[PDB]
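Raw contents of data10.cif, mmCIF, C-alpha atoms:
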data_run
loop_
_atom_site.label_atom_id
_atom_site.label_comp_id
_atom_site.auth_asym_id
_atom_site.auth_seq_id
_atom_site.Cartn_x
_atom_site.Cartn_y
_atom_site.Cartn_z
CA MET A 1 75.95 280.11 44.55
CA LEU A 2 76.42 277.91 41.47
CA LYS A 3 79.32 278.99 39.24
CA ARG A 4 79.96 277.50 35.79
CA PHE A 5 83.72 277.90 35.55
CA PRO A 6 85.80 277.26 32.41
CA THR A 7 88.08 274.38 33.43
CA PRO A 8 90.07 271.85 31.38
CA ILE A 9 87.53 269.30 30.16
CA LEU A 10 89.76 267.03 28.08
CA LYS A 11 93.13 268.83 27.79
CA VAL A 12 94.51 266.71 30.64
CA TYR A 13 92.01 263.81 30.93
CA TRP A 14 92.00 262.78 27.26
CA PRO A 15 94.01 259.54 27.86
CA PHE A 16 91.41 258.69 30.50
CA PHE A 17 88.73 259.15 27.84
CA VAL A 18 90.64 256.83 25.49
CA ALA A 19 90.82 254.32 28.35
CA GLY A 20 87.07 254.65 28.87
CA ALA A 21 86.45 254.03 25.17
CA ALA A 22 88.73 250.99 25.35
CA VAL A 23 86.87 249.59 28.36
CA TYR A 24 83.55 250.20 26.58
CA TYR A 25 84.89 248.27 23.58
CA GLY A 26 86.08 245.45 25.85
CA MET A 27 82.73 245.20 27.63
CA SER A 28 80.87 245.21 24.31
CA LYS A 29 83.12 242.54 22.77
CA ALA A 30 83.05 240.38 25.92
CA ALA A 31 79.25 240.51 26.26
CA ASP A 32 78.96 237.48 23.96
CA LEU A 33 82.52 236.20 23.56
CA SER A 34 83.95 236.14 27.10
CA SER A 35 80.60 236.32 28.93
CA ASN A 36 80.04 232.53 28.99
CA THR A 37 76.67 233.12 30.65
CA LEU B 117 90.65 308.17 54.32
CA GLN B 118 88.30 309.25 57.11
CA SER B 119 85.34 307.71 55.26
CA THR B 120 87.33 304.52 54.70
CA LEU B 121 88.12 304.23 58.41
CA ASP B 122 84.52 305.04 59.35
CA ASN B 123 82.93 302.41 57.13
CA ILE B 124 85.69 299.92 57.98
CA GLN B 125 85.18 300.07 61.75
CA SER B 126 81.51 301.08 62.06
CA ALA B 127 79.85 298.30 60.03
CA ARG B 128 80.53 295.40 57.63
CA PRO B 129 80.93 292.35 59.90
CA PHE B 130 83.17 289.64 58.48
CA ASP B 131 81.93 286.39 60.03
CA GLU B 132 78.61 286.70 58.17
CA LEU B 133 80.24 288.15 55.03
CA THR B 134 79.38 286.19 51.89
CA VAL B 135 81.72 285.38 49.02
CA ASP B 136 79.22 286.79 46.51
CA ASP B 137 79.61 290.20 48.16
CA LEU B 138 83.37 290.03 47.61
CA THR B 139 82.88 288.95 43.98
CA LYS B 140 80.47 291.80 43.26
CA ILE B 141 82.67 294.33 45.08
CA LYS B 142 85.81 293.39 43.14
CA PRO B 143 85.98 291.19 40.01
CA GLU B 144 89.78 290.81 39.77
CA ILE B 145 89.59 287.74 42.02
CA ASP B 146 87.69 286.06 39.19
CA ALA B 147 90.49 287.00 36.78
CA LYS B 148 93.02 285.55 39.23
CA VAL B 149 91.03 282.31 39.29
CA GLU B 150 91.03 282.24 35.48
CA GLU B 151 94.77 282.86 35.31
CA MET B 152 95.82 280.20 37.82
CA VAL B 153 93.32 277.67 36.44
CA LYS B 154 94.55 278.08 32.86
CA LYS B 155 98.18 277.89 34.00
CA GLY B 156 97.18 274.92 36.18
CA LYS B 157 98.97 276.00 39.37
CA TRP B 158 96.60 275.46 42.31
CA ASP B 159 99.32 276.07 44.95
CA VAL B 160 100.50 279.61 44.24
CA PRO B 161 102.72 280.74 47.16
CA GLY B 162 100.88 282.64 49.88
CA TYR B 163 97.67 280.64 50.30
CA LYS B 164 97.44 279.11 53.80
CA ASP B 165 100.59 280.39 55.52
CA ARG B 166 98.54 282.94 57.50
CA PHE B 167 95.44 280.71 57.61
CA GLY B 168 94.63 277.22 58.84
CA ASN B 169 95.88 274.33 56.72
CA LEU B 170 94.62 271.69 59.21
CA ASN B 171 96.26 268.81 57.37
CA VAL B 172 94.65 266.06 59.45
CA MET B 173 95.91 263.19 57.31
CA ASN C 53 66.29 238.20 62.58
CA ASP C 54 69.43 239.19 60.70
CA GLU C 55 67.75 242.52 59.94
CA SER C 56 66.88 243.06 63.62
CA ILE C 57 70.47 242.98 64.90
CA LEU C 58 71.76 245.27 62.14
CA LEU C 59 69.45 248.21 62.94
CA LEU C 60 70.24 247.97 66.66
CA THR C 61 73.97 247.92 65.91
CA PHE C 62 73.65 250.99 63.66
CA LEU C 63 71.81 252.79 66.46
CA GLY C 64 74.71 251.73 68.67
CA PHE C 65 77.38 253.29 66.47
CA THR C 66 75.29 256.45 66.04
CA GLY C 67 75.15 256.75 69.83
CA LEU C 68 78.87 256.03 70.13
CA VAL C 69 79.65 258.66 67.49
CA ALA C 70 77.50 261.28 69.22
CA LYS C 71 79.16 260.37 72.53
CA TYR C 72 82.81 260.47 71.45
CA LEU C 73 83.46 261.59 67.86
CA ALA C 74 80.86 264.37 67.79
CA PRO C 75 82.27 266.34 70.79
CA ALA C 76 85.94 266.11 69.77
CA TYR C 77 85.16 266.95 66.14
CA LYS C 78 82.95 269.79 67.38
CA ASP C 79 85.81 271.26 69.42
CA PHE C 80 88.26 270.93 66.52
CA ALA C 81 85.81 272.49 64.05
CA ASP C 82 84.95 275.35 66.41
CA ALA C 83 88.65 275.97 67.02
CA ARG C 84 89.17 276.26 63.26
CA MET C 85 86.16 278.61 62.99
CA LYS C 86 87.68 280.73 65.75
CA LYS C 87 91.09 280.76 64.06
CA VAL C 88 89.53 281.93 60.78
CA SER C 89 87.59 284.60 62.68
CA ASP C 90 90.69 285.94 64.44
CA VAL C 91 92.74 285.99 61.24
CA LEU C 92 89.91 287.94 59.59
CA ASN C 93 89.92 290.42 62.48
CA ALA C 94 93.72 290.58 62.25
CA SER C 95 93.40 291.47 58.56
CA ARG C 96 90.89 294.17 59.50
CA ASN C 97 93.24 295.47 62.20
CA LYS C 98 96.14 295.61 59.74
CA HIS C 99 93.96 297.47 57.23
CA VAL C 100 92.68 300.02 59.75
CA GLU C 101 96.14 300.63 61.24
CA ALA C 102 97.61 301.10 57.75
CA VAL C 103 94.84 303.58 56.94
CA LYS C 104 95.55 305.36 60.24
CA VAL D 1 116.90 329.60 41.78
CA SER D 2 113.56 328.63 43.30
CA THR D 3 113.66 326.56 46.47
CA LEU D 4 112.33 323.02 46.59
CA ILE D 5 108.64 322.70 47.35
CA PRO D 6 107.75 319.40 49.10
CA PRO D 7 104.25 320.30 50.39
CA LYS D 8 103.65 322.15 47.12
CA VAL D 9 104.66 319.04 45.14
CA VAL D 10 102.33 316.31 46.38
CA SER D 11 100.21 315.90 43.25
CA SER D 12 102.56 313.24 41.86
CA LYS D 13 103.96 312.10 45.22
CA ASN D 14 101.81 309.48 46.95
CA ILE D 15 102.02 307.66 50.28
CA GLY D 16 105.07 305.48 49.67
CA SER D 17 104.45 302.72 47.14
CA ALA D 18 102.40 299.98 48.83
CA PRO D 19 99.90 302.27 50.67
CA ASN D 20 98.76 303.96 47.46
CA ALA D 21 98.56 300.57 45.75
CA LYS D 22 96.28 299.22 48.50
CA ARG D 23 94.26 302.44 48.88
CA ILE D 24 92.12 301.57 45.85
CA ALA D 25 91.71 298.02 47.17
CA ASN D 26 90.55 299.12 50.63
CA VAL D 27 88.42 302.13 49.64
CA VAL D 28 85.85 300.10 47.67
CA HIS D 29 85.93 296.90 49.75
CA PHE D 30 84.00 298.70 52.52
CA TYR D 31 81.76 300.78 50.23
CA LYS D 32 79.15 298.43 48.71
CA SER D 33 78.51 295.93 51.48
CA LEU D 34 75.71 295.11 53.90
CA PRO D 35 75.78 297.19 57.12
CA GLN D 36 74.99 294.46 59.66
CA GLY D 37 73.50 291.07 58.81
CA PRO D 38 71.23 292.43 56.08
CA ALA D 39 69.31 290.01 53.84
CA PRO D 40 69.56 286.82 55.93
CA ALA D 41 67.58 284.87 53.29
CA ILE D 42 66.75 282.26 55.93
CA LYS D 43 63.30 281.42 54.52
CA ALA D 44 63.43 278.53 52.03
CA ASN D 45 61.09 275.57 51.43
CA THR D 46 61.57 273.57 48.22
CA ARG D 47 62.00 270.07 49.69
CA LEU D 48 65.75 270.45 49.20
CA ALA D 49 65.43 274.02 50.49
CA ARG D 50 63.01 272.77 53.16
CA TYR D 51 65.80 270.48 54.35
CA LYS D 52 68.19 273.44 54.07
CA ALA D 53 66.09 275.66 56.36
CA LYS D 54 64.81 272.83 58.60
CA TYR D 55 67.61 270.40 59.52
CA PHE D 56 70.48 270.96 57.06
CA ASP D 57 71.07 274.45 58.49
CA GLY D 58 74.67 275.15 59.43
CA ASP D 59 73.92 276.49 62.91
CA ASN D 60 74.05 272.95 64.35
CA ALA D 61 74.19 270.45 61.43
CA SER D 62 74.64 267.60 63.91
CA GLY D 63 74.19 263.89 63.22
CA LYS D 64 70.42 264.06 63.75
CA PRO D 65 69.66 264.80 60.05
CA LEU D 66 72.00 261.95 59.12
CA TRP D 67 70.23 259.59 61.51
CA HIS D 68 66.83 260.65 60.14
CA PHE D 69 68.05 260.07 56.58
CA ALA D 70 69.34 256.63 57.57
CA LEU D 71 66.00 255.83 59.21
CA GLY D 72 64.13 256.82 56.05
CA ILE D 73 66.53 254.82 53.89
CA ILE D 74 66.11 251.69 56.02
CA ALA D 75 62.33 252.18 56.10
CA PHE D 76 62.25 252.23 52.29
CA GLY D 77 64.70 249.33 52.14
CA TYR D 78 62.46 247.18 54.33
CA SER D 79 59.67 247.43 51.75
CA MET D 80 62.18 246.96 48.93
CA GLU D 81 63.46 243.75 50.53
CA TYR D 82 59.90 242.56 51.13
CA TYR D 83 59.29 243.06 47.40
CA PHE D 84 62.56 241.32 46.45
CA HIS D 85 63.51 238.91 49.25
CA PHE E 7 78.41 239.03 32.86
CA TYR E 8 75.48 241.46 32.84
CA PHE E 9 77.11 244.88 33.33
CA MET E 10 74.81 247.25 31.41
CA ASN E 11 73.47 248.97 34.54
CA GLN E 12 76.64 248.42 36.61
CA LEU E 13 79.41 249.55 34.24
CA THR E 14 77.88 252.04 31.79
CA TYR E 15 75.76 253.94 34.32
CA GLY E 16 78.58 254.07 36.87
CA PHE E 17 81.06 255.19 34.22
CA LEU E 18 78.79 258.01 33.05
CA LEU E 19 78.18 259.00 36.68
CA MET E 20 81.92 259.21 37.32
CA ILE E 21 82.26 261.44 34.26
CA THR E 22 79.65 263.60 35.99
CA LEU E 23 81.86 263.66 39.09
CA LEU E 24 85.08 264.40 37.19
CA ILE E 25 83.44 267.23 35.22
CA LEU E 26 80.90 268.84 37.56
CA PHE E 27 83.03 268.72 40.72
CA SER E 28 86.16 270.06 39.01
CA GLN E 29 84.02 272.80 37.45
CA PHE E 30 82.02 273.87 40.52
CA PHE E 31 83.14 272.60 43.93
CA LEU E 32 86.93 272.49 44.16
CA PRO E 33 86.94 275.79 42.19
CA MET E 34 84.71 277.48 44.77
CA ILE E 35 86.67 275.99 47.67
CA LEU E 36 89.71 277.61 46.07
CA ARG E 37 87.60 280.74 45.54
CA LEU E 38 86.94 280.78 49.29
CA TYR E 39 90.67 280.38 49.93
CA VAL E 40 91.72 283.14 47.51
CA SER E 41 89.01 285.50 48.78
CA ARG E 42 90.34 284.95 52.30
CA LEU E 43 93.83 285.65 50.93
CA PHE E 44 92.65 288.85 49.23
CA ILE E 45 90.87 290.22 52.31
CA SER E 46 93.91 289.23 54.41
CA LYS E 47 96.22 291.60 52.50
#
I need this file expressed as structure tokens, please.
Amino acid sequence: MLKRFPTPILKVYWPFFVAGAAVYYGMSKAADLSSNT
Amino acid sequence: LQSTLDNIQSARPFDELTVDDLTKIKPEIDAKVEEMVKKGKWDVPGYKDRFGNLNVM
Amino acid sequence: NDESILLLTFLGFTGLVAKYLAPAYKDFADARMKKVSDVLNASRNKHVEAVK
Amino acid sequence: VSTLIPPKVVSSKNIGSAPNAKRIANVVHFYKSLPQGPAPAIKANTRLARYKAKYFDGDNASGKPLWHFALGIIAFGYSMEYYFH
Amino acid sequence: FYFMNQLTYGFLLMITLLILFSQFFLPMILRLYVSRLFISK
């Protein structure tokens, strides 16, 4: 039914994780600087 | 061989066969999945040539 | 009401889907089921003939 | 000086190459399997399993469960919009 | 510019997609395909 298979978790998506960290940093820094709300 | 023919043709329907039965009968399919996942080739030759690809789009 | 016309329209597309998309998709899906069934029986036939 | 012995030498000789390779594959594939439709496991009622054995069953799986889900969603959304709008 | 429940939650959810689906669903679709292949030979 449900199979927990060992698949690449970050071996191929690691640049996507760096991009996600970058977008988190941008959202955090723009919450008061570029928000203007 | 006679027993193989007998239990091949007398029982074991295939439409209602479950994948778990195949996994418990033979575990080398799991090893094949490990080996083509680690090598990252999801299109090993001989996959849907004899089956239905049904590439709609 | 804006919310009156929307529910009626959604009922309309559900009826249209059941009228047109559901039968054609049903035939295509059943054809693919049948193809899988016959290739499974062909595999069984190959196995039993090889054993014979 | 002894003559060759084909039917006497069959211990090492198998059926070609492919047939003996697939003999092990086919002998056990038909051994440990259900005879005919054993263990249907149809009965299931755990809300999600209740849906599985009530409307989400694969025998028909038509648009009726989808329409019922949409009706429930819009029924909840009416109250949500009354609360909000 | 309020994006706490629109960006963070959606981002985490799409990590759940990228991980859980690629671990469970596409693998067992391919398992179906390779089991069909194996029984077909």
> Got a sec to pull out which chain D residues are within 10 Å of chain C, counting all atoms listed in the file, and send them as a list in words?
Replying inline: residues 19, 22, 23, 26, 27, 60, 62, 63, 64, 66, 67, 70, 71, 74 and 78 of chain D
>> At a cut-off of 12 Å, which residues of chain B touch chain C? Count all atoms listed in the file and give the answer as JSON, numbers by chain.
In response: {"B": [117, 118, 119, 120, 121, 122, 123, 124, 125, 126, 127, 128, 129, 130, 131, 132, 133, 164, 165, 166, 167, 168, 169, 170, 171, 172]}
>> With the PyMOL selection byres ((chain B) within 10 of (chain A)) as the selection, what would be picked from this file? Answer as a ChimeraX atom specification, please.
In response: /B:135-136,146,149-150,153-154,156
> D:73, D:32, D:21, D:80: which is nearest chain E, counting all atoms listed in the file?
Replying inline: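 The shortest atom-to-atom distance to chain E comes from D:21.
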> What is the distance, in Å and to one decimal place, between CA of residue 28 (chain E) and CA of residue 25 (chain A)?
Replying inline: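 About the pair CA of residue 28 (chain E) and CA of residue 25 (chain A): they are 26.7 Å apart.
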> Excluding same-chain residues fewer than 6 positions from residue 40 (chain E), what lies within 9 Å of it counting only C-alpha atoms, as JSON, numbers by chain?
Replying inline: {"B": [145, 148, 149, 163]}
Any chance you could export the current selection's C-alpha atoms as a PDB file, keeping the file's coordinate frame?
ATOM      1  CA  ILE B 145      89.590 287.740  42.020  1.00  0.00           C
ATOM      2  CA  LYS B 148      93.020 285.550  39.230  1.00  0.00           C
ATOM      3  CA  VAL B 149      91.030 282.310  39.290  1.00  0.00           C
ATOM      4  CA  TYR B 163      97.670 280.640  50.300  1.00  0.00           C
TER       5      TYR B 163
END
> For chain E against chain B, which residues fall within 9 Å using only C-alpha atoms, given as JSON, numbers by chain?
Replying inline: {"E": [33, 36, 37, 38, 39, 40, 41, 42, 43, 44, 45, 46]}
Mind checking which residues fall within 8 Å of residue 33 (chain D), counting all atoms listed in the file, ignoring those fewer than 3 positions away in the same chain, and posting them as a CSV table (one decimal) with C-alpha atoms, keeping the file's coordinate frame?
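Result file is around36.csv:
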chain,number,residue,atom,x,y,z
B,128,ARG,CA,80.5,295.4,57.6
B,137,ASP,CA,79.6,290.2,48.2
B,141,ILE,CA,82.7,294.3,45.1
D,29,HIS,CA,85.9,296.9,49.8
D,30,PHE,CA,84.0,298.7,52.5
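With only C-alpha atoms as the atoms that count, the residue of A:21, A:15, A:29, A:4 with the shortest distance to chain E is A:4.
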For C-alpha atoms, please extract region 126-150 of chain B from the block and return it as a tab-separated table (two decimals), in the first residue's frame.
chain	number	residue	atom	x	y	z
B	126	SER	CA	-6.05	-23.70	-13.37
B	127	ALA	CA	-6.04	-20.67	-11.05
B	128	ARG	CA	-4.33	-17.32	-10.35
B	129	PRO	CA	-6.41	-14.76	-12.30
B	130	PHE	CA	-4.45	-11.71	-13.41
B	131	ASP	CA	-7.02	-8.90	-13.64
B	132	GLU	CA	-7.56	-9.01	-9.87
B	133	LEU	CA	-3.89	-9.72	-9.12
B	134	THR	CA	-2.38	-7.22	-6.68
B	135	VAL	CA	1.11	-5.74	-6.85
B	136	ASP	CA	1.77	-6.75	-3.23
B	137	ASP	CA	1.38	-10.40	-4.27
B	138	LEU	CA	4.08	-9.92	-6.91
B	139	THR	CA	6.36	-8.17	-4.40
B	140	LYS	CA	5.97	-10.95	-1.83
B	141	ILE	CA	6.40	-13.66	-4.47
B	142	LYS	CA	9.64	-12.19	-5.83
B	143	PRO	CA	11.73	-9.40	-4.24
B	144	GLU	CA	14.17	-8.78	-7.11
B	145	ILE	CA	11.75	-6.24	-8.59
B	146	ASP	CA	12.43	-4.12	-5.50
B	147	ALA	CA	16.17	-4.42	-6.16
B	148	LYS	CA	15.57	-3.35	-9.77
B	149	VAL	CA	13.70	-0.30	-8.50
B	150	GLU	CA	16.60	0.53	-6.18
